[PDB]
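K.L.:
Got structure.tsv for you, TSV, C-alpha atoms and all ligand atoms:
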```
chain	number	residue	atom	x	y	z
F	1	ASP	CA	5.66	-15.53	31.44
F	2	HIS	CA	4.17	-14.34	28.19
F	3	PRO	CA	5.36	-14.26	24.55
F	4	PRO	CA	5.90	-11.16	22.38
F	5	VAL	CA	2.68	-9.88	20.80
F	6	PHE	CA	2.57	-8.27	17.37
F	7	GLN	CA	0.58	-5.04	17.09
F	8	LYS	CA	-1.42	-6.63	14.26
F	9	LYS	CA	-2.20	-10.31	13.76
F	10	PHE	CA	-2.17	-9.82	9.98
F	11	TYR	CA	0.04	-7.37	8.06
F	12	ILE	CA	-1.01	-6.60	4.48
F	13	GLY	CA	1.23	-4.79	2.03
F	14	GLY	CA	2.00	-4.46	-1.65
F	15	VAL	CA	4.80	-3.95	-4.11
F	16	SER	CA	4.64	-2.66	-7.65
F	17	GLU	CA	6.13	-4.60	-10.55
F	18	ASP	CA	8.87	-1.97	-10.79
F	19	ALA	CA	9.88	-2.00	-7.11
F	20	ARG	CA	13.62	-1.72	-6.59
F	21	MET	CA	15.69	-4.29	-4.75
F	22	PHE	CA	15.43	-3.89	-0.97
F	23	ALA	CA	12.55	-1.42	-1.24
F	24	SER	CA	10.63	-0.85	1.99
F	25	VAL	CA	7.38	-2.82	2.06
F	26	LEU	CA	6.08	-2.41	5.59
F	27	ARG	CA	7.28	-2.37	9.20
F	28	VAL	CA	6.23	-4.85	11.87
F	29	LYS	CA	6.54	-4.46	15.63
F	30	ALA	CA	5.99	-6.78	18.60
F	31	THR	CA	6.07	-5.94	22.30
F	32	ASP	CA	5.99	-7.71	25.65
F	33	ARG	CA	2.40	-7.80	26.98
F	34	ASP	CA	3.47	-7.11	30.59
F	35	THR	CA	6.22	-4.49	30.25
F	36	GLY	CA	5.67	-2.99	26.80
F	37	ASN	CA	9.34	-3.69	26.07
F	38	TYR	CA	10.48	-4.23	22.49
F	39	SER	CA	14.17	-3.20	22.50
F	40	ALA	CA	15.50	-6.77	22.22
F	41	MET	CA	13.07	-8.23	19.68
F	42	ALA	CA	14.64	-10.22	16.84
F	43	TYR	CA	12.41	-10.37	13.75
F	44	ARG	CA	12.49	-13.20	11.19
F	45	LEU	CA	10.38	-14.18	8.19
F	46	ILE	CA	9.08	-17.69	7.45
F	47	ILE	CA	8.60	-17.83	3.66
F	48	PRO	CA	7.88	-20.94	1.54
F	49	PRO	CA	10.49	-22.03	-1.02
F	50	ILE	CA	10.76	-19.82	-4.11
F	51	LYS	CA	12.24	-21.00	-7.41
F	52	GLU	CA	15.67	-20.02	-8.78
F	53	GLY	CA	17.24	-19.15	-5.42
F	54	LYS	CA	15.04	-16.09	-4.96
F	55	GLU	CA	14.16	-15.24	-1.38
F	56	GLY	CA	11.16	-12.95	-1.82
F	57	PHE	CA	11.59	-10.62	1.15
F	58	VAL	CA	13.93	-9.98	4.07
F	59	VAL	CA	13.31	-8.35	7.44
F	60	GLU	CA	15.76	-6.14	9.30
F	61	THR	CA	16.34	-8.26	12.39
F	62	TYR	CA	16.22	-5.43	14.93
F	63	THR	CA	13.98	-2.83	13.27
F	64	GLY	CA	11.16	-4.94	11.83
F	65	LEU	CA	11.42	-3.38	8.35
F	66	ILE	CA	10.36	-5.84	5.64
F	67	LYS	CA	12.11	-5.19	2.32
F	68	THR	CA	11.99	-6.80	-1.11
F	69	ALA	CA	14.72	-9.30	-1.95
F	70	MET	CA	13.86	-9.90	-5.63
F	71	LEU	CA	12.46	-8.04	-8.62
F	72	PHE	CA	8.77	-8.32	-9.54
F	73	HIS	CA	8.80	-7.62	-13.29
F	74	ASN	CA	5.59	-8.82	-14.98
F	75	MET	CA	4.28	-10.24	-11.69
F	76	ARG	CA	1.06	-8.25	-11.30
F	77	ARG	CA	-1.37	-10.37	-9.20
F	78	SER	CA	1.33	-12.56	-7.69
F	79	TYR	CA	0.94	-12.91	-3.93
F	80	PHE	CA	3.21	-13.89	-1.08
F	81	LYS	CA	1.64	-15.31	2.07
F	82	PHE	CA	4.20	-15.81	4.84
F	83	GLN	CA	4.77	-15.37	8.55
F	84	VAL	CA	6.85	-13.00	10.62
F	85	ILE	CA	8.10	-13.97	14.05
F	86	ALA	CA	9.50	-11.91	16.91
F	87	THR	CA	11.76	-13.54	19.52
F	88	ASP	CA	12.59	-11.59	22.67
F	89	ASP	CA	16.04	-11.27	24.27
F	90	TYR	CA	17.88	-11.22	20.91
F	91	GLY	CA	16.55	-14.67	20.03
F	92	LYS	CA	16.97	-16.22	23.49
F	93	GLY	CA	13.45	-15.53	24.80
F	94	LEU	CA	9.89	-16.40	23.85
F	95	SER	CA	8.45	-15.88	20.37
F	96	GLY	CA	5.28	-14.47	18.85
F	97	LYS	CA	3.98	-14.61	15.29
F	98	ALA	CA	1.87	-12.76	12.76
F	99	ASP	CA	0.76	-13.47	9.21
F	100	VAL	CA	1.86	-11.35	6.26
F	101	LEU	CA	0.37	-10.90	2.78
F	102	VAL	CA	2.24	-9.00	0.05
F	103	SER	CA	0.47	-8.54	-3.29
F	104	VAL	CA	2.12	-7.41	-6.54
F	105	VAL	CA	0.39	-4.60	-8.46
F	106	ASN	CA	1.02	-2.13	-11.27
F	107	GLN	CA	-0.54	1.15	-12.42
F	108	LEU	CA	-3.67	-0.71	-13.63
F	109	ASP	CA	-4.51	-1.17	-9.93
F	110	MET	CA	-3.98	2.41	-8.82
F	111	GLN	CA	-5.75	5.74	-8.40
F	112	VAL	CA	-4.23	9.22	-7.97
F	113	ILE	CA	-5.49	11.37	-5.10
F	114	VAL	CA	-4.81	15.02	-6.04
F	115	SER	CA	-4.44	17.51	-3.18
F	116	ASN	CA	-3.82	21.24	-2.99
F	117	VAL	CA	-0.95	20.86	-0.48
F	118	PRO	CA	2.72	20.05	-1.14
F	119	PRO	CA	3.96	16.44	-1.29
F	120	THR	CA	6.14	17.03	1.77
F	121	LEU	CA	3.04	17.75	3.87
F	122	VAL	CA	1.29	14.62	2.63
F	123	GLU	CA	4.41	12.52	3.22
F	124	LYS	CA	4.93	13.86	6.75
F	125	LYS	CA	1.41	12.85	7.78
F	126	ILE	CA	1.12	9.76	5.59
F	127	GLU	CA	0.54	7.28	8.42
F	128	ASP	CA	-2.50	9.16	9.74
F	129	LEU	CA	-3.83	9.80	6.22
F	130	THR	CA	-3.49	6.13	5.24
F	131	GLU	CA	-5.42	5.08	8.35
F	132	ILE	CA	-8.28	7.39	7.34
F	133	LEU	CA	-8.32	5.98	3.81
F	134	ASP	CA	-8.28	2.44	5.28
F	135	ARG	CA	-11.46	3.19	7.22
F	136	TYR	CA	-13.40	4.26	4.11
F	137	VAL	CA	-12.24	1.33	1.99
F	138	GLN	CA	-12.81	-1.19	4.80
F	139	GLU	CA	-16.43	-0.05	5.11
F	140	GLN	CA	-16.91	-1.40	1.57
F	141	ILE	CA	-14.45	-4.31	1.60
F	142	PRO	CA	-13.78	-5.57	5.14
F	143	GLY	CA	-10.13	-6.26	5.87
F	144	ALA	CA	-8.81	-4.44	2.79
F	145	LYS	CA	-5.63	-2.37	3.15
F	146	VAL	CA	-4.70	0.85	1.36
F	147	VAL	CA	-1.10	1.02	0.19
F	148	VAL	CA	0.76	4.15	-0.91
F	149	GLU	CA	2.67	3.68	-4.16
F	150	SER	CA	4.19	7.16	-4.34
F	151	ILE	CA	3.88	10.76	-3.15
F	152	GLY	CA	4.89	13.38	-5.67
F	153	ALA	CA	4.25	16.74	-7.21
F	154	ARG	CA	0.90	17.28	-8.91
F	155	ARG	CA	1.17	16.12	-12.51
F	156	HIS	CA	-0.62	18.17	-15.16
F	157	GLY	CA	-0.25	19.51	-18.69
F	158	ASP	CA	0.00	17.39	-21.81
F	159	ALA	CA	0.01	13.68	-20.90
F	160	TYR	CA	0.40	14.82	-17.26
F	161	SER	CA	4.05	15.67	-17.98
F	162	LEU	CA	4.37	18.88	-15.91
F	163	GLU	CA	5.09	18.95	-12.17
F	164	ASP	CA	3.60	21.41	-9.65
F	165	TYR	CA	5.41	21.04	-6.30
F	166	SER	CA	2.92	23.27	-4.44
F	167	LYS	CA	0.29	20.51	-4.86
F	168	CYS	CA	0.43	16.73	-4.61
F	169	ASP	CA	-0.32	13.50	-6.46
F	170	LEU	CA	-0.75	10.65	-3.97
F	171	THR	CA	-0.86	7.35	-5.86
F	172	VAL	CA	-2.59	4.53	-3.97
F	173	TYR	CA	-4.05	1.07	-4.32
F	174	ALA	CA	-5.85	-1.31	-1.98
F	175	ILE	CA	-5.26	-5.02	-1.34
F	176	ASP	CA	-8.15	-7.39	-0.60
F	177	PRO	CA	-7.04	-10.40	1.50
F	178	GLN	CA	-10.05	-12.42	0.31
F	179	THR	CA	-8.73	-12.36	-3.28
F	180	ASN	CA	-4.98	-11.93	-2.66
F	181	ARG	CA	-4.91	-9.13	-5.23
F	182	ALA	CA	-5.78	-5.45	-5.56
F	183	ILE	CA	-9.31	-4.07	-5.49
F	184	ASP	CA	-10.47	-3.09	-8.97
F	185	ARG	CA	-9.26	0.46	-9.61
F	186	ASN	CA	-12.73	1.65	-10.66
F	187	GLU	CA	-14.24	0.24	-7.46
F	188	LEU	CA	-11.50	2.03	-5.52
F	189	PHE	CA	-12.43	5.22	-7.36
F	190	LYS	CA	-16.09	4.79	-6.39
F	191	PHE	CA	-15.19	4.17	-2.73
F	192	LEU	CA	-13.09	7.33	-2.47
F	193	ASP	CA	-14.91	9.70	-4.83
F	194	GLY	CA	-18.30	8.81	-3.35
F	195	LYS	CA	-17.08	9.78	0.12
F	196	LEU	CA	-14.84	12.66	-0.98
F	197	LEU	CA	-16.52	15.26	1.21
F	198	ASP	CA	-16.32	13.03	4.30
F	199	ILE	CA	-12.68	12.17	3.60
F	200	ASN	CA	-11.86	15.86	3.18
F	201	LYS	CA	-13.34	16.72	6.57
F	202	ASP	CA	-11.32	13.93	8.19
F	203	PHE	CA	-8.18	15.22	6.40
F	204	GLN	CA	-8.68	18.76	7.75
F	205	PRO	CA	-6.65	18.38	11.01
F	206	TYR	CA	-3.73	17.21	8.84
F	207	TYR	CA	-4.02	19.40	5.72
F	208	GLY	CA	-4.75	22.67	7.54
F	209	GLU	CA	-7.15	25.43	6.60
F	210	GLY	CA	-8.03	25.41	2.91
F	211	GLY	CA	-6.35	22.05	2.26
F	212	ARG	CA	-8.38	19.36	0.54
F	213	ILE	CA	-8.38	16.57	-1.99
F	214	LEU	CA	-9.28	18.15	-5.33
F	215	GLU	CA	-10.08	14.98	-7.28
F	216	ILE	CA	-9.34	11.30	-7.78
F	217	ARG	CA	-7.96	10.39	-11.20
F	218	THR	CA	-6.70	7.36	-13.08
F	219	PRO	CA	-2.92	7.17	-13.68
F	220	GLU	CA	-1.76	8.30	-17.10
F	221	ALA	CA	-0.04	4.92	-17.50
F	222	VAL	CA	-3.45	3.26	-17.90
F	223	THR	CA	-4.08	5.24	-21.10
F	224	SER	CA	-0.67	4.22	-22.46
F	225	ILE	CA	-1.57	0.56	-21.86
F	226	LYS	CA	-4.78	0.79	-23.91
F	227	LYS	CA	-2.97	2.50	-26.79
F	228	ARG	CA	-0.64	-0.48	-26.89
F	229	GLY	CA	-3.67	-2.79	-27.00
F	230	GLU	CA	-2.80	-4.55	-23.74
F	231	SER	CA	-5.03	-5.87	-20.93
F	232	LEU	CA	-8.20	-5.04	-22.90
F	233	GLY	CA	-11.39	-6.91	-22.11
F	234	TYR	CA	-15.09	-6.64	-21.34
F	235	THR	CA	-16.28	-4.19	-18.69
F	236	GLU	CA	-19.78	-3.63	-17.38
F	237	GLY	CA	-22.02	-0.86	-18.68
F	238	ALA	CA	-19.87	0.09	-21.68
F	239	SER	CA	-18.95	-1.01	-25.19
F	240	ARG	CA	-15.51	0.65	-24.96
F	241	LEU	CA	-12.64	-1.63	-23.98
F	242	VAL	CA	-10.76	-0.67	-20.80
F	243	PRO	CA	-7.46	-2.09	-19.48
F	244	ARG	CA	-7.89	-4.82	-16.86
P	1	LIG	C1	9.46	1.69	4.45
P	1	LIG	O1	9.10	2.82	3.66
P	1	LIG	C2	7.82	2.69	3.03
P	1	LIG	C3	7.59	3.89	2.12
P	1	LIG	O2	8.76	4.11	1.32
P	1	LIG	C4	6.74	2.58	4.09
P	1	LIG	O3	5.46	2.46	3.45
P	1	LIG	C5	7.00	1.36	4.96
P	1	LIG	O4	6.05	1.29	6.03
P	1	LIG	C6	8.42	1.41	5.54
P	1	LIG	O5	8.50	2.41	6.57
```
Re-express the file's structure as structure tokens.
Ligand SMILES: *[C@H]1O[C@H](CO)[C@@H](O)[C@H](O)[C@@H]1O

P.N.:
Amino acid sequence: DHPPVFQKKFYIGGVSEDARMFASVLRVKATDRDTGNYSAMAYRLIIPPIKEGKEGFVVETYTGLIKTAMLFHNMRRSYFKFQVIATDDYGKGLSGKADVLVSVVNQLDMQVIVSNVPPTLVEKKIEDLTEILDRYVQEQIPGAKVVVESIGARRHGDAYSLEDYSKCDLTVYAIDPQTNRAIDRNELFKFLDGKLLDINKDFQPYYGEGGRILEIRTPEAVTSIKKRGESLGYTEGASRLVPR
């Protein structure tokens, strides 16, 4: 008689500082090893105490969806290590467990993947596309996890203020469980841009003929942060100050 087994031993996710209350973070799932059943699994989180009556995150008991339960203003680099449990038979059966890491980021952690297909196409296939991106990042940083911040129209024009809904801006970041924070955005750029032709070939079954990533770019918000004189420090190979 065997306990529920989570599909991953370790779920990694992220939230941005501006995430709304009860925003989706990630979904967990456990099944019975012998039958594959999962229709009666009750999911619960085990989170350490948080100040001020905040609860951090909740999980939908019967769907496994983890959602935010507090705001994350100014909390870039905060991290939440907790557990999720699954108990079969609506709580009356055996239990399994997995670890969870959620890291807080902002636009200083992100890169924009620009594609020549509409955002609805990218969104529809996002699970398969994220898994491909994971593979390339994990070759450089084992165990890292790519997270999708947003999928939208391609931004362009002055200050990237115009929207082209026939193309797509896919804003991503990656969380490193060794550091409990995001991978440096310029390292993330190097990982993706350096393999852009290989990633494009892997994306072909999903983007269709003629579809490809056009470029990787840094969010416009990063330029606004430097103009305000924030997060500026030393970086390697340059005398110009770049936001951290
Ligand atoms: C809730 O929705 C987010 C995206 O909005 C997913 O990334 C997550 O896995 C869950 O399905």

K.L.:
Return as JSON, numbers by chain every polymer residue, whether protein, DNA or RNA, with at least one atom no more than 6 Å from an atom of ligand LIG 1 (chain P); count only C-alpha atoms and all ligand atoms.

P.N.:
{"F": [24, 25, 26, 27]}

K.L.:
Find the residues around segment 56-73 of chain F up to 9 Å (only C-alpha atoms counted), leave out those fewer than 2 positions away in its own chain, and share them as a VMD selection string.

P.N.:
chain F and resid 15 to 30 39 to 45 47 50 54 75 to 76 78 80 84 86 90 104

K.L.:
I need the residue nearest residue 172 of chain F from this list: F:235, F:200, F:103, F:218. Use all atoms listed in the file for the distance.

P.N.:
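Residue with the minimum atom-to-atom distance to residue 172 of chain F: F:218.
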
K.L.:
One decimal, in Å: what's the spacing between atom CA of residue 167 of chain F and atom CA of residue 154 of chain F?

P.N.:
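Separating atom CA of residue 167 of chain F from atom CA of residue 154 of chain F is a distance of 5.2 Å.
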
K.L.:
Which value, in Å to one decimal, gives the distance between atom CA of residue 116 of chain F and atom CA of residue 211 of chain F?

P.N.:
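Computing it gives 5.9 Å between the two atoms.
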
K.L.:
Mind pulling up the distance from atom CA of residue 133 of chain F to atom CA of residue 153 of chain F?

P.N.:
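One can read the atom CA of residue 153 of chain F to atom CA of residue 133 of chain F distance as 19.9 Å.
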
K.L.:
Taking only C-alpha atoms into account, which of F:161, F:95, F:74, F:178 comes nearest residue 4 of chain F?

P.N.:
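Closest candidate: F:95.
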
K.L.:
So which one's closest to residue 145 of chain F, F:128, F:164, F:55, F:176? Using all atoms listed in the file, please.

P.N.:
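When distances to residue 145 of chain F are compared using all atoms listed in the file, the smallest one comes from F:176.
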
K.L.:
Which polymer residues have any atom within 8 Å of an atom of residue 183 of chain F, counting only C-alpha atoms, with same-chain residues fewer than 5 positions away left out, as JSON, numbers by chain?

P.N.:
{"F": [109, 173, 174, 175, 176, 188]}

K.L.:
F:88, F:125, F:243, F:7: which is nearest residue 184 of chain F, counting all atoms listed in the file?

P.N.:
F:243

K.L.:
Kindly assemble as JSON lines a list of the segment 23-139 of chain F residues that lie within 10 Å of segment 219-223 of chain F, each paired with its nearest atom pair and their distance in Å to one decimal, using only C-alpha atoms, sorted first by chain and then by ascending residue number.

P.N.:
```
{"residue": "F:106", "atom": "CA", "partner": "F:221", "partner_atom": "CA", "distance": 9.5}
{"residue": "F:107", "atom": "CA", "partner": "F:221", "partner_atom": "CA", "distance": 6.3}
{"residue": "F:108", "atom": "CA", "partner": "F:222", "partner_atom": "CA", "distance": 5.8}
{"residue": "F:109", "atom": "CA", "partner": "F:222", "partner_atom": "CA", "distance": 9.2}
{"residue": "F:110", "atom": "CA", "partner": "F:219", "partner_atom": "CA", "distance": 6.9}
{"residue": "F:111", "atom": "CA", "partner": "F:219", "partner_atom": "CA", "distance": 6.2}
{"residue": "F:112", "atom": "CA", "partner": "F:219", "partner_atom": "CA", "distance": 6.2}
{"residue": "F:113", "atom": "CA", "partner": "F:219", "partner_atom": "CA", "distance": 9.9}
```
